[PDB]
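Trainee: Next up is a structure, given as structure tokens.
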Amino acid sequence: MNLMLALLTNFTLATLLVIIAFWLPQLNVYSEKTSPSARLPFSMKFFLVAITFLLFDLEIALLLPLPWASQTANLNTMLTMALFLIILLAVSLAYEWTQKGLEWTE
Amino acid sequence: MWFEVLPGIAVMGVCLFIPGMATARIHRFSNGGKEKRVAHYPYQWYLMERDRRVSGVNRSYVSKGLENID
Amino acid sequence: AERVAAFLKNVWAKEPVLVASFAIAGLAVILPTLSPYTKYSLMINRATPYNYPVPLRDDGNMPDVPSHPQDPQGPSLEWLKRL
Amino acid sequence: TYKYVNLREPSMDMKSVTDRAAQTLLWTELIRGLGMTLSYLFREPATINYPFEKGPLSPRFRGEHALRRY
Amino acid sequence: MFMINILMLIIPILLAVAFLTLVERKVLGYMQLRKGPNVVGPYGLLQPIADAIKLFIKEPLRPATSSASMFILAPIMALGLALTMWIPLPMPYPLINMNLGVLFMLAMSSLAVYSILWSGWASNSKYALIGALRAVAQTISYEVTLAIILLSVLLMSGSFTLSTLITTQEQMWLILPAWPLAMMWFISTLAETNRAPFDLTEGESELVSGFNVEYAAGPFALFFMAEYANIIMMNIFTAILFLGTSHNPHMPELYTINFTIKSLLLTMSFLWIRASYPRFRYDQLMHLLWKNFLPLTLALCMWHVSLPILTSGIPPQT
Amino acid sequence: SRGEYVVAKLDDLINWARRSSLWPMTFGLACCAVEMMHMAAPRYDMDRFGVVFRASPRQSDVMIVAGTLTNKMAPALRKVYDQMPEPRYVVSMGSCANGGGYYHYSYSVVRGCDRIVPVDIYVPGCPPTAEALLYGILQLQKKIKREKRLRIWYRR
Amino acid sequence: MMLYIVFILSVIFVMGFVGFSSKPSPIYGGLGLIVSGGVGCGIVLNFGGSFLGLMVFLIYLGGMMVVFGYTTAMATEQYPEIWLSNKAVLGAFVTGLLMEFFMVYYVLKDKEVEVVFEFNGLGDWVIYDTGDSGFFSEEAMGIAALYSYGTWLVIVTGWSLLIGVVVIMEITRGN
Ligand SMILES: CCCCCCCCCCCCCCCCCC(=O)OC[C@H](COP(=O)(O)OCCN)OC(=O)CCCCCCCCCCCCCCCCC
Ligand SMILES: CCCCCCCCCCCCCCCCCC(=O)OC[C@H](COP(=O)(O)OCCN)OC(=O)CCCCCCCCCCCCCCCCC
Ligand SMILES: CCCCCCCCCCCCO[C@@H]1O[C@H](CO)[C@@H](O[C@H]2O[C@H](CO)[C@@H](O)[C@H](O)[C@H]2O)[C@H](O)[C@H]1O
Ligand code: SF4
């Protein structure tokens, strides 16, 4: 219950601050002003950094249980598979690195 | 001089100190002068529920000792 | 050799971050197989009692199973106290 | 007469290569820059308390015009 | 009683943010051989109040937003998440004692990138959106090292419970066994919060950095408060993670005093760094993450998985 | 507990906040911008008055016109002024911005920035000293202190 | 009413789904999915899946959905049509909430409805387990076992992620 109350309170206050931040200036009654999809074009590089983040982020999901995994009796198996995951994460980086997937020059 | 920066830092320090001090004091106020019980695992929660029954007042932080033995 | 030592010199001059990264990773993969205290990690994990130790029905011929927890028989944690 | 501002070839022995590796990994030259800004923090600032204090001028200063008399 | 506890956390947070703005200007001032605010209130102690009133009665900016709902959602999300990051922090006792508190903080911070994305979408400007996307790419890139570094330290702590980090450092600060991870952690927090030398949203290389360019934005104050609340929170998290304070159950206030000092000093170091260095180029800070921190962080993760096993120092699970 | 009293004290509060937190947008056009930079420099430290050095035009409350305004530049200056959120003030710094100065008779120069935007303070000099500009900024603060927006509203 | 927290959350879960399934502009479609994901995590938490719930926030919301919104901005939408300002989008949205409302009506009133499967409306709490007093989280123990029991799973999952990096670089090179 407490966590729900905390989240409700935090986002309730944030909401009130936002609306009063938008209403309080209307007290001034400032004068009227009367004076002012598709590609972006998007670079492929900015798409590829986002995708690389995602795939690296998925591999991090598999590594999060490591603190618990170290409590097992089969430590040799656990350590072998833990290093296997991190190494494949390094191999993903090495492949990206050596095919110029990490460059910003056009 | 550089020590005229301290008054603003002192205000920051007091503001950051309050949440930690408040939580500790409110916890002891609400749990009979003791630390709020930590129940991260079912076994700990199971004992806390048992204490709430054993207390006779429906509060897990009311402890019954050998006075209840007979 | 000396060709090998020269190559290690060029990377240590140009890519010290990667040299450190491969050195640290290499130790991570090698030292566990060489360490004598690795065996204790397995023993300690097996000495942690998460579950109740269900008693055995005493048929009458289990000499090495203690009848009471403080009897001499059964696995000891003397090695752990000293470690 | 002229001097070169940037024409030094770094030495390539262990002692020197490892000194540069330490700088790269341990950020030593970056830490040095922090030392300089920390030293300034403890210096008296140069700010005068205008308008109670005024920047120095000289008799030649050219300001607002005026017509004079005998 | 709990409702009092929440307000005794939220309100002081907003006051610390207010007066951090004064501390930043005075610390930056003295490192620049000047004073900073010392006229509005004694030693400038009223300057945060004058700025706050001034900003809230200022006229709202033009042009109009492209999406009203996203325009309003972004500041709510930024500030709502910023305050939420504080609820599991043990100081020494948390408001909410979570068994997975460290994971909660990772998860909530990964959601902070949405306010950047939504405010770029609601800016009604093609160039402002491109600026938001560069900021997002920076944020998520450095989230990778924060997660992996955090995982490496927890292999010495043994759980995801924030208050277990206190027990882990009862004898010694984790910065000694893990100073290489602390170095990269501290820089990642700078880059994560878009702080100098990683403050490219406030830099000179953005398509919208031109002074005469305009796009829908604001309110400025609410976004600013959210950002500075995260600066303090990250430095509080950094202290707990690497500079653990001893906790005496009978004198919790001593923990809080010592813990507050360490957080303040770390926060002041953010100001120290902003005064000392030039700004990274966008491609150079990407290179710093992907080609320096990440290879070394993966290697140190391998090391910290192996080290407890080979030394027989695996921490407890509970 | 009259409405005149409350309106009077509320005016003082908002006036205090606005003058105590003046964020300038410096339009550094020519030489006068150098003296403006010496007003931010350590000796005078404009930031100590609450006047932040470099503020974006989106959050600025005052535009300082520091230099010659040419015809080719006049449209861009008016555009920045129109985009400033209110309340907004203009300080004209130096002879060129005040009335054309040395270049008053040029075919390419606007003869005073007050042909383009309304000006609140005129700072004379070529250039005004950093202290002269600071004097002018403090003069603007007192002009803001004298404002009576809420008193006038109450008597409408 | 707090005793039906799971059911109430699952109603919001469906409403969010009707949100993005009526397919408004992709910008608001992502918003419906983000809310559904957050509610989805909430349902999993109330069954004792704390780690699983937080994975949704960290990986599904903080990872996958961030990338969706990133891609939407660059390649798809820059400004959206007003939500529910289109005939088909609004008609689909109204249709979904009517179906949800009637399912909720009959399940609560008759305490049971039947569509393909038989559903009981007593309350999701009635099926819970009545014995819990271990000194650990069973969910965490099962996930931790990935590295001891699940060697084969790690290999194929690890290989697929590596191949994903390779494949996506191939696809996007353009030559
Ligand atoms: C017994 C064996 C046990 C096994 C473990 C052994 C490990 C020890 C040996 C490894 C040492 C690891 C050091 C960890 C730091 C990471 C090093 C690093 O990546 O820095 C290099 C990086 C790039 O450097 P650059 O020269 O630009 O280019 C090189 C690439 N071509 O450049 C940088 O990152 C510079 C930093 C950029 C940011 C500058 C602004 C911040 C500077 C001020 C920070 C002050 C210190 C902060 C400390 C905080 C601590 C809480
Ligand atoms: C807001 C301000 C708050 C402060 C209040 C006042 C207290 C001040 C305390 C701050 C201390 C730092 C300030 C002094 C730094 C300046 C000293 C210096 O300049 O040393 C430079 C030295 C030489 O560098 P260099 O010339 O390049 O030589 C290279 C080959 N010899 O370079 C070096 O030798 C560097 C050696 C250290 C390298 C360490 C690398 C980083 C490791 C991170 C560990 C962080 C541990 C401390 C974190 C805090 C926890 C206690
Ligand atoms: C109860 C608390 C209520 C909230 C109160 C919030 C008060 C905010 C006071 C801010 C004080 C000024 O602080 C200063 O502001 C300017 C923004 O103009 C920042 O300036 C920075 O961002 C802007 C863009 O946003 C850049 O144009 C500028 O180059 C950069 O330096 C400074 O980094 C900051 O140090
Ligand atoms: S007024 Fe004088 S100093 Fe200023 S821009 Fe004109 S010529 Fe230069």
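Quick note on naming: the chains in the structure tokens go A, B, ... in the order shown, residues restart at 1 in each chain, and ligands are numbered from 1 in order of appearance.
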Which protein, DNA or RNA residues have an atom within 7 Å of ligand 1, counting only C-alpha atoms and all ligand atoms, as JSON, numbers by chain?

Mentor: {"C": [15, 17, 20, 24], "D": [24, 25, 26, 27, 30, 31], "E": [180, 181, 182, 183, 184, 186, 187, 197, 273, 277, 288, 292, 293, 300, 303]}

Trainee: Kindly export the residues of the current selection with N, CA, C and O atoms, as a compact mmCIF listing (two decimals), in the first residue's frame.

Mentor:
# COMPACT_ATOMS: atom_id res chain seq x y z
N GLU C 15 47.06 1.51 -27.62
CA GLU C 15 45.76 1.06 -27.14
C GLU C 15 45.88 0.54 -25.71
O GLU C 15 45.60 -0.63 -25.43
N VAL C 17 43.96 1.05 -23.19
CA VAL C 17 42.67 0.64 -22.65
C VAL C 17 42.35 -0.79 -23.05
O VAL C 17 41.87 -1.58 -22.24
N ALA C 20 44.66 -3.34 -21.23
CA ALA C 20 44.16 -3.58 -19.88
C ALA C 20 42.90 -4.45 -19.91
O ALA C 20 42.72 -5.32 -19.05
N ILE C 24 42.77 -8.05 -18.04
CA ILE C 24 41.84 -8.31 -16.94
C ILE C 24 40.94 -9.49 -17.27
O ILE C 24 40.68 -10.35 -16.42
N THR D 24 46.87 8.07 -19.47
CA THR D 24 45.63 7.74 -20.16
C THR D 24 44.63 7.08 -19.22
O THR D 24 43.45 7.44 -19.19
N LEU D 25 45.09 6.10 -18.45
CA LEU D 25 44.17 5.28 -17.66
C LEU D 25 43.83 5.94 -16.33
O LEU D 25 42.69 5.85 -15.87
N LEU D 26 44.80 6.60 -15.71
CA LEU D 26 44.59 7.20 -14.40
C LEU D 26 44.24 8.68 -14.47
O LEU D 26 44.11 9.32 -13.43
N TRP D 27 44.08 9.23 -15.67
CA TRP D 27 43.52 10.57 -15.85
C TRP D 27 44.36 11.64 -15.17
O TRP D 27 43.83 12.67 -14.74
N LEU D 30 44.15 15.21 -16.30
CA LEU D 30 42.84 15.75 -15.97
C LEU D 30 42.76 16.14 -14.50
O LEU D 30 42.19 17.18 -14.16
N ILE D 31 43.33 15.32 -13.61
CA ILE D 31 43.35 15.65 -12.19
C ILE D 31 44.12 16.94 -11.96
O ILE D 31 43.77 17.75 -11.09
N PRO E 180 38.52 1.16 -10.01
CA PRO E 180 38.33 1.28 -11.47
C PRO E 180 36.87 1.34 -11.88
O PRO E 180 36.52 2.06 -12.82
N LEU E 181 35.99 0.60 -11.19
CA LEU E 181 34.57 0.69 -11.48
C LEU E 181 33.98 2.00 -11.00
O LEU E 181 33.09 2.57 -11.64
N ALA E 182 34.46 2.51 -9.86
CA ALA E 182 33.99 3.79 -9.36
C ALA E 182 34.31 4.92 -10.33
O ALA E 182 33.48 5.80 -10.56
N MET E 183 35.51 4.91 -10.92
CA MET E 183 35.88 5.95 -11.88
C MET E 183 34.89 5.99 -13.04
O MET E 183 34.38 7.05 -13.39
N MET E 184 34.64 4.83 -13.66
CA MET E 184 33.74 4.80 -14.80
C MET E 184 32.30 5.03 -14.38
O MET E 184 31.52 5.61 -15.14
N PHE E 186 31.34 7.08 -11.96
CA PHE E 186 31.18 8.50 -11.71
C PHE E 186 31.06 9.28 -13.01
O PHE E 186 30.24 10.20 -13.12
N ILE E 187 31.86 8.94 -14.02
CA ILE E 187 31.75 9.61 -15.31
C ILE E 187 30.42 9.28 -15.97
O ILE E 187 29.78 10.15 -16.57
N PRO E 197 31.48 17.63 -18.64
CA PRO E 197 31.68 17.97 -20.05
C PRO E 197 30.81 17.18 -21.03
O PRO E 197 31.20 17.04 -22.19
N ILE E 273 33.89 19.82 -11.63
CA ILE E 273 34.21 19.36 -12.97
C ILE E 273 33.68 20.33 -14.02
O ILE E 273 34.36 20.61 -15.01
N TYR E 277 36.77 21.80 -17.37
CA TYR E 277 37.05 21.14 -18.63
C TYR E 277 36.23 21.72 -19.77
O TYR E 277 35.15 22.28 -19.55
N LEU E 288 33.97 7.49 -26.27
CA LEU E 288 34.37 7.23 -24.89
C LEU E 288 33.58 6.07 -24.31
O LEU E 288 34.14 5.19 -23.65
N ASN E 292 35.83 2.70 -25.05
CA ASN E 292 36.69 2.74 -23.87
C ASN E 292 36.00 2.16 -22.65
O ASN E 292 36.42 1.11 -22.14
N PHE E 293 34.96 2.82 -22.15
CA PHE E 293 34.30 2.34 -20.94
C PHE E 293 33.74 0.94 -21.13
O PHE E 293 33.92 0.07 -20.28
N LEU E 300 35.99 -6.00 -16.54
CA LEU E 300 35.90 -5.96 -15.09
C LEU E 300 34.69 -6.73 -14.57
O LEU E 300 34.71 -7.21 -13.44
N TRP E 303 35.96 -10.17 -14.35
CA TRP E 303 36.83 -10.28 -13.19
C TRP E 303 36.04 -10.39 -11.91
O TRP E 303 36.36 -11.20 -11.04

Trainee: Just the residues within 9 Å of residue 53 (chain A), please, counting only C-alpha atoms, with nothing from its chain fewer than 6 positions along; format it as number ranges by chain.

Mentor: E: 137, 140-141, 143-144; G: 63, 67

Trainee: Could you list, as a short mmCIF file (atom, residue, chain, number, x, y, z; two decimals) with N, CA, C and O atoms, in the first residue's frame, every residue within 9 Å of residue 118 (chain F), counting only C-alpha atoms and ignoring same-chain residues fewer than 5 positions away?

Mentor:
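Generated output (part-v4.cif):
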data_model
loop_
_atom_site.label_atom_id
_atom_site.label_comp_id
_atom_site.auth_asym_id
_atom_site.auth_seq_id
_atom_site.Cartn_x
_atom_site.Cartn_y
_atom_site.Cartn_z
N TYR F 89 12.43 43.87 -21.20
CA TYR F 89 12.99 45.20 -21.18
C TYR F 89 14.17 45.26 -22.13
O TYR F 89 14.82 44.25 -22.40
N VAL F 90 14.44 46.46 -22.65
CA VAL F 90 15.53 46.67 -23.58
C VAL F 90 16.44 47.74 -23.01
O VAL F 90 15.98 48.83 -22.65
N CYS F 113 18.63 52.07 -32.06
CA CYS F 113 17.81 50.87 -32.00
C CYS F 113 16.38 51.14 -31.56
O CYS F 113 15.53 50.26 -31.69
#

Trainee: Could you pull out the residues sitting within 6 Å of ligand 4, using only C-alpha atoms and all ligand atoms, and write them as a list in words?

Mentor: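 Residues satisfying the distance criterion: residues 30, 31, 32, 67, 68, 94, 95, 96, 126 and 127 of chain F.
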
Trainee: State, in Å with one decimal place, the distance from CA of residue 31 (chain G) to CA of residue 15 (chain G).

Mentor: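 Rounded to one decimal, the two atoms are 12.3 Å apart.
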
Trainee: Distance limit 7 Å, reference ligand 2, atoms considered: only C-alpha atoms and all ligand atoms. Which residues make the cut? Give them as JSON, numbers by chain.

Mentor: {"D": [19, 23, 26, 27, 28, 29, 31, 32, 33, 34, 35, 38], "E": [175, 179, 180, 182, 183, 243, 265, 268, 269, 271, 272]}

Trainee: Can you tell me which residues come within 6 Å of ligand 3 when counting only C-alpha atoms and all ligand atoms, ideally as a tab-separated table (two decimals) with N, CA, C and O atoms, in the first residue's frame?

Mentor:
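Final file, selection-v7.tsv:
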chain	number	residue	atom	x	y	z
E	14	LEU	N	12.94	19.33	-2.77
E	14	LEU	CA	12.73	20.54	-3.56
E	14	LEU	C	13.54	21.71	-3.01
E	14	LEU	O	13.97	22.57	-3.78
E	15	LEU	N	13.75	21.75	-1.70
E	15	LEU	CA	14.53	22.84	-1.13
E	15	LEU	C	16.02	22.67	-1.42
E	15	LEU	O	16.72	23.64	-1.70
E	18	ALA	N	16.61	23.78	-4.89
E	18	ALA	CA	16.59	25.24	-4.97
E	18	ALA	C	17.92	25.83	-4.56
E	18	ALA	O	18.47	26.70	-5.25
E	21	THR	N	21.18	25.37	-6.74
E	21	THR	CA	21.38	26.37	-7.78
E	21	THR	C	22.21	27.53	-7.25
E	21	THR	O	23.00	28.11	-8.00
E	48	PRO	N	17.73	31.88	-4.68
E	48	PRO	CA	16.83	30.83	-5.20
E	48	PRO	C	15.37	31.21	-5.12
E	48	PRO	O	14.59	30.84	-6.01
E	51	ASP	N	14.56	33.74	-7.97
E	51	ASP	CA	14.50	33.06	-9.26
E	51	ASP	C	13.22	32.25	-9.40
E	51	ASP	O	12.60	32.24	-10.47
E	52	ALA	N	12.81	31.56	-8.33
E	52	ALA	CA	11.63	30.71	-8.40
E	52	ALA	C	10.38	31.54	-8.66
E	52	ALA	O	9.58	31.21	-9.54
E	202	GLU	N	23.05	21.56	-23.93
E	202	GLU	CA	23.35	22.97	-23.69
E	202	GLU	C	24.60	23.42	-24.45
E	202	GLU	O	25.20	24.44	-24.10
E	221	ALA	N	11.29	25.81	-15.40
E	221	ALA	CA	11.60	25.55	-14.00
E	221	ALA	C	11.40	24.09	-13.64
E	221	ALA	O	12.22	23.49	-12.95
E	225	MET	N	14.21	21.62	-12.19
E	225	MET	CA	14.14	20.97	-10.89
E	225	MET	C	14.33	19.47	-11.02
E	225	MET	O	15.05	18.86	-10.22
F	54	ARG	N	25.33	34.33	-19.37
F	54	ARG	CA	24.84	33.86	-20.66
F	54	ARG	C	23.52	33.13	-20.44
F	54	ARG	O	23.51	32.00	-19.94
F	55	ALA	N	22.42	33.77	-20.82
F	55	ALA	CA	21.08	33.20	-20.73
F	55	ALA	C	20.46	33.15	-22.12
F	55	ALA	O	20.62	34.07	-22.92
F	56	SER	N	19.73	32.07	-22.38
F	56	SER	CA	19.12	31.88	-23.68
F	56	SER	C	18.00	32.90	-23.90
F	56	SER	O	17.36	33.34	-22.94
